[PDB]
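Notes to accompany the following structure.
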Amino acid sequence: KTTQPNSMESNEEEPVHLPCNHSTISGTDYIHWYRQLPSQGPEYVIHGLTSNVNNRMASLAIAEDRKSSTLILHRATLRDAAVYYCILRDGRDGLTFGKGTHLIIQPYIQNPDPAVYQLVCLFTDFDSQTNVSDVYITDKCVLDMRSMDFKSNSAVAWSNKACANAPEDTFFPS
Amino acid sequence: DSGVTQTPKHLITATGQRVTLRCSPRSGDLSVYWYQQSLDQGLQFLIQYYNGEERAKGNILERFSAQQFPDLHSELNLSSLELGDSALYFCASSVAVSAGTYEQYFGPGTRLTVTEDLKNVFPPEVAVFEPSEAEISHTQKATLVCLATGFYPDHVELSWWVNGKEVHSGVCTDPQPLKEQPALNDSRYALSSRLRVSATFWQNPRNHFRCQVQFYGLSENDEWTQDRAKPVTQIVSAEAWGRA
Ligand SMILES: OC[C@H]1O[C@@](CO)(O[C@H]2O[C@H](CO)[C@@H](O)[C@H](O)[C@H]2O)[C@@H](O)[C@@H]1O
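For the protein sequence lines, the chains are A and B, in the order given.
Residue numbers for the first sequence follow the working numbering, beginning at 1227 and rising by one.
Residue numbers for the second sequence follow the working numbering, beginning at 14 and rising by one.
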């Protein structure tokens, strides 16, 4: 089999190296990679054997001894946030998918501006160094903007019972 | 697209029903694979058929049948449906028997929801909430919210349509939809999505905003008896014009 770290979190516009071991005899066994996006089925990435291989998805470096291998996303974006499987595939079970690596990507938010507004209320413009029974609050979600080149952290809070506590010096206008 | 096609995208049934998931492979392939995936399972292998004959065995519980037909397209039956049988079902295809040299390709997948009573199925309430006047006075930007509320199950695809066109930029939605009564076995779900626009763009009345939600609900082949409207597969939508 193979093993890769459970989770990994890298940054936008960077190369991302996804390591995977296979000290078990990678004989005539091909190193395969498949990815799985937010709410979607698995799709193929790239697959190798004895040498390094390129395609429009990724680059695949394999070790001289082939005991380890490295999936490389040439330049990662919030899009490349997916689940990555490192599979061995050889000859005629064995068509199985491990836990893989929950890859996470974070935006380069230059100017945090924590402020919760009454829209339902909405918490937005905070840093990554922050995270979230009568009320409902949603997990934080980021939104990049073409042309403006600005990525925004936001999480929504709403209840039915009135803008209550849901953060540093956040803005609460009257 | 993935080459592989699969029917149907949505599927809902009461416990102990019998459903058959059809899969037309990649036109050029002779292997078809079936994988079941639940959150508390991940991507599990079920069975593989090469050129019409059975190849790799898996964990197709007795209840499951699988057939590749002469035309290389596969059916997969899942009899006497348990609540645990609720999972995402993936068909796959490959050139030769082993996927060593020539690799796999997955279709978009079937979402099977097995529920205790089809009365559990609910359309989503949908509401676009216009941005705060404060966000503008502070950030010189504007954030619209869309609340999609009270749906079962969570077959929901949200989309934003500004000025009639579909927008992918300035958009953000929760991957996981929020349960409403976390304690209830068959709770209804709620999804939130934001569309941020510039300040001026919101301040323009010529600009129209649409939060649109696809809901994969009940069949037109399912029996219905409630006084309330049938919770069928449908789009619910919220519009909003720009306020000066
Ligand atoms: O017992 C020590 C332990 O360390 C290892 C762990 O992998 O170090 C190796 O790492 C690579 C595996 O991809 C080898 O190719 C490398 O040569 C070696 O240092 C193993 O050797 C060993 O199990």
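Here a beta-carbon is modelled for each residue, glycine too, at the ideal position from N, C-alpha and C.
Counting only C-beta atoms, is residue i closer than 8 Å to chain B at any point?
i: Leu1369/A; result: yes
i: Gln1344/A; result: yes
i: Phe1349/A; result: no
i: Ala1388/A; result: no
i: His1258/A; result: yes
i: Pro1399/A; result: yes
i: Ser1354/A; result: no
i: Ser1252/A; result: no
i: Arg1372/A; result: yes
i: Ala1392/A; result: no
i: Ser1378/A; result: yes
Any beta carbon from chain A within less than 8 Å of residue i's own beta carbon?
i: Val184/B; result: yes
i: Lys178/B; result: no
i: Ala112/B; result: yes
i: residue 11/B; result: The question about residue 11/B has no answer, for chain B in this structure spans 14 to 257.
i: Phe135/B; result: no
i: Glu148/B; result: yes
Do residue i and ligand 1 come close, with the Cβ less than 7 Å from some heavy atom?
i: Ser1249/A; result: yes
i: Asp1255/A; result: no
i: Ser211/B; result: no
i: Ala1289/A; result: yes
i: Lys1293/A; result: yes
Inspect the CB distances between the segment 142-151 of chain B and the segment 173-185 of chain B and report whether three or more fall short of 8 Å. no
Contact set between the segment 1323-1335 of chain A and chain B, restricted to residues whose Cβ is under 7 Å from the partner: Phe1323 and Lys1325
Touching by the beta-carbon criterion (3+ pairs, under 8 Å), the segment 1360-1369 of chain A and the segment 1264-1275 of chain A: no
Is the segment 32-42 of chain B in contact with the segment 108-127 of chain B, if contact means three or more CB pairs nearer than 8 Å? yes
Which runs of the alpha helix (DSSP H) at least 4 residues long sit entirely within the segment 141-198 of chain B? Give them in chain order. 146-152
When Cβ atoms are compared, which residues of the segment 1262-1289 of chain A fall closer than 7 Å to chain B? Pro1264, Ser1265, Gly1267, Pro1268, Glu1269, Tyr1270 and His1273
Can you give, in chain order, each stretch of the beta strand (DSSP E) that sits fully within the segment 25-64 of chain B and has at least 3 residues? 32-37, 44-51 and 55-63
What are the residues of the segment 1295-1317 of chain A that lie near chain B, defined by any Cβ-Cβ distance shorter than 8 Å? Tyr1311, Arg1315, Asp1316 and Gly1317
With contact counted as at least three CB pairs below 8 Å, one residue from each stretch, are the segment 98-110 of chain B and the segment 16-27 of chain B in contact? yes
Curious, which full-length beta strand (DSSP E) runs of at least 3 residues does the segment 1343-1377 of chain A contain? 1347-1350, 1361-1363 and 1367-1369
Below 8 Å, how does it come out for the segment 22-37 of chain B and the segment 61-69 of chain B: are there three or more Cβ pairs, yes or no? no
Given a limit of 9 Å on CB to CB distance, which residues of the segment 68-88 of chain B reach chain A? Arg68, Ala69, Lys70 and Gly71
Taking contact to mean 3 or more Cβ pairs, one atom from each stretch, closer than 8 Å, check whether the segment 131-145 of chain B and the segment 218-237 of chain B are in contact. yes
Any contact between the segment 1316-1329 of chain A and the segment 1343-1352 of chain A? By contact I mean 3 or more CB pairs, one from each, below 8 Å. no
Interface positions of the segment 1227-1240 of chain A facing chain B (Cβ-Cβ less than 9 Å), listed along the chain: none
Mind checking the segment 98-112 of chain B against chain A and listing, in chain order, the residues whose C-beta falls within less than 7 Å of any C-beta there? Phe103, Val110, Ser111 and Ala112
Segment contact, 8 Å Cβ cut-off, at least three pairs: the segment 1275-1289 of chain A with the segment 1350-1369 of chain A: no
Contiguous alpha helix (DSSP H) assignments of at least 4 residues, all confined to the segment 53-123 of chain B: none
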